[PDB]
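>>> Sequence isn't available, so here's the structure alone:
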């Protein structure tokens, strides 16, 4: 195609560096992934609830650190970006994924992956 979401955006570097036998959707995907490992799958079962707010993309970089504090808090030590989360998630949830806006305040949340919640923060 062209891009794969994390095709060298920003912190993507630190992301690609992150893959402690965890999600590593990048390595796995590129690893002729198809349907064997069952990584994101095994973690998919969890279907744990999560919630994070999105801010001006101009702060996406910083928001990433703030996001982790929200996710990594209830998630596994991961240094992914909001841009990668959408892609990484899309894999574990190609249905309802999270987006990012750079102009106004936004909010995204989920309980498993099916039903999600959105808002403009208040």
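Structure received. Residues are numbered from 1 along each chain as shown.

>>> May I have the residues that are in contact with the residue positioned nearest the centre of the chain?
The residue lying closest to the centre of the chain (C-alpha atoms, centre = their mean) is residue 85, at 1.3 Å. Shown in contact with residue 85 (C-beta atoms under 8 Å, 6 or more residues apart in numbering): 67, 71, 98. The C-beta positions use only the backbone N, C-alpha and C, and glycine is treated the same way.

>>> Mind telling me what element it is part of?
When secondary structure is defined by DSSP states H and E, residue 85 falls within helix 82-92.

>>> Toward the C-terminus, what is the element adjacent to that helix?
Sequence-wise, the next helix or strand downstream of helix 82-92 (DSSP H and E) is strand 106-110.

>>> Name the nearest residue to residue 40, sequence neighbours excluded.
Nearest residue to residue 40, sequence neighbours excluded (C-beta to C-beta, 6 or more residues apart in numbering): residue 92, at 4.4 Å.

>>> again, but for residue 82
Spatially, and ignoring its direct neighbours in sequence, residue 82 is nearest to residue 100 (5.1 Å; C-beta to C-beta, 6+ apart).

>>> Ok, residue 11 next?
In space, not counting the residues next to it along the chain, residue 11 is nearest to residue 81; the distance is 5.3 Å by C-beta to C-beta, 6+ apart.

>>> can you tell me how far the one you found sits from residue 118?
19 Å (C-beta to C-beta, to the nearest Å).

>>> who's more crowded, these two?
The neighbour comparison of residue 81 against residue 118 (other C-beta atoms under 10 Å) goes to residue 81, with 25 against 12.

>>> mind listing the strands for this protein?
50-54, 106-110, 116-119 (DSSP state E).
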